[PDB]
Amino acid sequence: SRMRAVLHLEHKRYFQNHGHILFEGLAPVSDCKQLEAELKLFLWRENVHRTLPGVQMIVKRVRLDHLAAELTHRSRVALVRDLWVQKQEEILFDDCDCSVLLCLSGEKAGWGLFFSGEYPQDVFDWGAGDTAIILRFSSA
């Protein structure tokens, strides 16, 4: 089982103050590793949700769309783009309402960062052996 996850007012305040917030254990670690293993097989790294159901399944079952909308005070947002990345330098600017970087493997598997605008420096990174997926959410 998994406990229900609920944002606290202080999580909102942190995101308001800084424009990002990092959560430990945002997504179940086993769901992240399973997705990563399927992505390695699938081997182009853009919009991998069009090829594997695990991306939207994580978005929906962890409620990343509802959490992003809540943090950004949007009625609703939806996943519009994604990118499976090996290095943080690969995460370029996207003008969407909110992004989520979800780490898929290694020590920080399951950790996720909500942010808007450019990827924030000196907040989150993962080892050279590990990967992550950036999820772009839009109210458009």
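So that there is no doubt, residue numbering starts at 1 and follows the sequence shown.
| query | Residues with no coordinates between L43 and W44 in the deposited sequence, how many: none, 1 to 3, 4 to 9, or 10 or more? | reply | The entry has a long gap there, with 10 or more residues left out between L43 and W44.
| query | Where do the C-alpha atoms have the higher mean temperature factor in this entry, in 67-75 or in 26-34? | reply | Averaging CA B-factors over each stretch, the winner is 26-34.
| Given the B-factors recorded for C-alpha atoms, which segment has the greater mean, 8-16 or 119-127? | For C-alpha atoms only, the mean B-factor is higher in 119-127.
| Looking at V85, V55, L92, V62, which has the biggest Cα B factor in the entry? | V55 has the highest C-alpha B-factor of those listed.
| Third of the chain, ranked by Cα B-factor, where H49 sits | Middle third by C-alpha B-factor.
| query | Among the modelled residues of its chain, does the C-alpha B-factor of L39 lie in the lowest, middle or highest third? | reply | It falls in the top third of the chain.
| Within this chain, which third does the Cα B-factor at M3 fall in: lowest, middle or highest? | For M3, the deposited C-alpha B-factor lands in the middle third.
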